[PDB]
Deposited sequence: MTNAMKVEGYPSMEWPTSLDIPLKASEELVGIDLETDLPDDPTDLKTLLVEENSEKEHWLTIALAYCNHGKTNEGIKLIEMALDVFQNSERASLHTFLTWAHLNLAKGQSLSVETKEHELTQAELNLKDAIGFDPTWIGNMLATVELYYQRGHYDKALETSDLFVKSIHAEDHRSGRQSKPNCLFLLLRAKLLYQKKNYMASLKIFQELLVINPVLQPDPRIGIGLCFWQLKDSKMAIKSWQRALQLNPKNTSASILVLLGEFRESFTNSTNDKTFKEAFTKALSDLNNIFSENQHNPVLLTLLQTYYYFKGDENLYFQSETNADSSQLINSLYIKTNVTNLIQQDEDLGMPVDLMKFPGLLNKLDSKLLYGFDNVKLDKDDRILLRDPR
């Protein structure tokens, strides 16, 4: 398959001489990012290096450190050079805000921090795709689905208008499509949603988040529970760290029994599963409950995270948002292109 893996090391050009200090992004980052700040400031390092480093923290479980670094960068870079620092801070706070167990206030507190940085970013660079996507993602995360879909639809018209103005053909943007597919599913238009998720599978079969999660949720809401489960097992196969896939595969296959999956649910919901330990009125109760909690995550198991796109938040290169042009679409993926 195609590859969206981040460069795994960084060379910082030293200021006085012309040697380069190499950093292994996966083991060389210190617990206190101030150490690099010293280096980065001292050697007059370029801004994109601050970003690349902060993204390494975030993508290796260290978002607080990622945030601490770019917040320090804000004391170094001036005026318009601060825009892309604010964009990073927007997406870092959107990632925080997706925290699995935040109370509605902590969520909104993090989303406010994102919005504040977003305002500073758009003030300098309103047409940057990183800032436009964040505007839509903020509406989504706040549940304002109608405004999100309407803002999305204005944005793609704008970009289309812009391609006439530069004599270019438009290329579908995977995250605008992903946002549309998710908004459509919120509006219960599961058929239009499913088509977009399937479009995404052929454009970028290594897209994060996995559009197969959405493929399965569309099948499920369209009552083809057999294929929903196949989409989800394909997701969990290509990436066994996908917790959302895991919980969906087991909640789906779980339609004695209520022991076999509490033990499989401890490997990687477990509350209400234990509430359901409390004429088969009962079988419809466990059935309803499994359905309710398969639908409990308003994020649909597909968190939109710009930190999964090499070059995007650290170099203003949005190329990877358009995916790949040859589709070796594997046997177990091409199945998922089918109708219900």
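Identify which parts of the deposited sequence carry no C-alpha coordinates, going from the N-terminal end onward.
-> Missing from the model are residues 1-9, 265-282, 296-298, 309-327, 390.
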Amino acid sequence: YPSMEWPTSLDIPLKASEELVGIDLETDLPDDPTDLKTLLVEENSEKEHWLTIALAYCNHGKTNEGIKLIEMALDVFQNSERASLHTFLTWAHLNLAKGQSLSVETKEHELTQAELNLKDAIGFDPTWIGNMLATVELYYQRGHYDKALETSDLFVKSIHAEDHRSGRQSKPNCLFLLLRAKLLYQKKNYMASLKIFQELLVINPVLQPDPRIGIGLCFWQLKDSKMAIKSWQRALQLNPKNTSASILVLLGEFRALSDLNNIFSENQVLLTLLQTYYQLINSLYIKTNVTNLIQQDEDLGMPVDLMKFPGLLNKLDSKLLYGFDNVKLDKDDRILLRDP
From here on, numbers count along this sequence of modelled residues.
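Looking at the entry, does 91-99 or 227-235 show the higher mean C-alpha B-factor?
-> Per the deposited B-factors, the answer is 227-235.
May I ask you to compare 12-20 and 316-324 by their mean CA B factor in the entry and name the higher one?
-> The entry gives the higher C-alpha B-factor average to 12-20.
Highest-ranked of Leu118, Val76, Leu250, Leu184 once sorted by CA temperature factor in the record | Result of the comparison over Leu118, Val76, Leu250, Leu184: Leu250.
Top Cα B factor in the deposited entry, candidates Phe124, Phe254, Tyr190, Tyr139 = The C-alpha B-factor peaks, among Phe124, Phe254, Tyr190, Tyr139, at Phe254.
Looking at the entry's B-factor column for C-alpha atoms only, identify whether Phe197 ranks in the lowest, middle or highest third of its chain.
-> Tercile = lowest for this residue's CA B-factor.
When the modelled residues of the chain are sorted by Cα temperature factor, does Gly143 land in the lowest, middle or highest third?
-> For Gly143, the deposited C-alpha B-factor lands in the lowest third.
Once the chain's modelled residues are ordered by C-alpha B factor and cut into thirds, is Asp297 in the lowest, middle or highest one?
-> As the PDB entry reports it, the C-alpha B-factor of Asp297 lands in the lowest third of its chain.
Taking the values exactly as deposited, rank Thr63 by C-alpha B-factor within its chain and report the matching third: lowest, middle or highest.
-> It falls in the bottom third of the chain.
Can you work out whether the C-alpha temperature factor of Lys287 puts it in the lowest, middle or highest third of the chain?
-> Within its chain, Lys287 is a highest-third residue by C-alpha B-factor, going by the deposited values.
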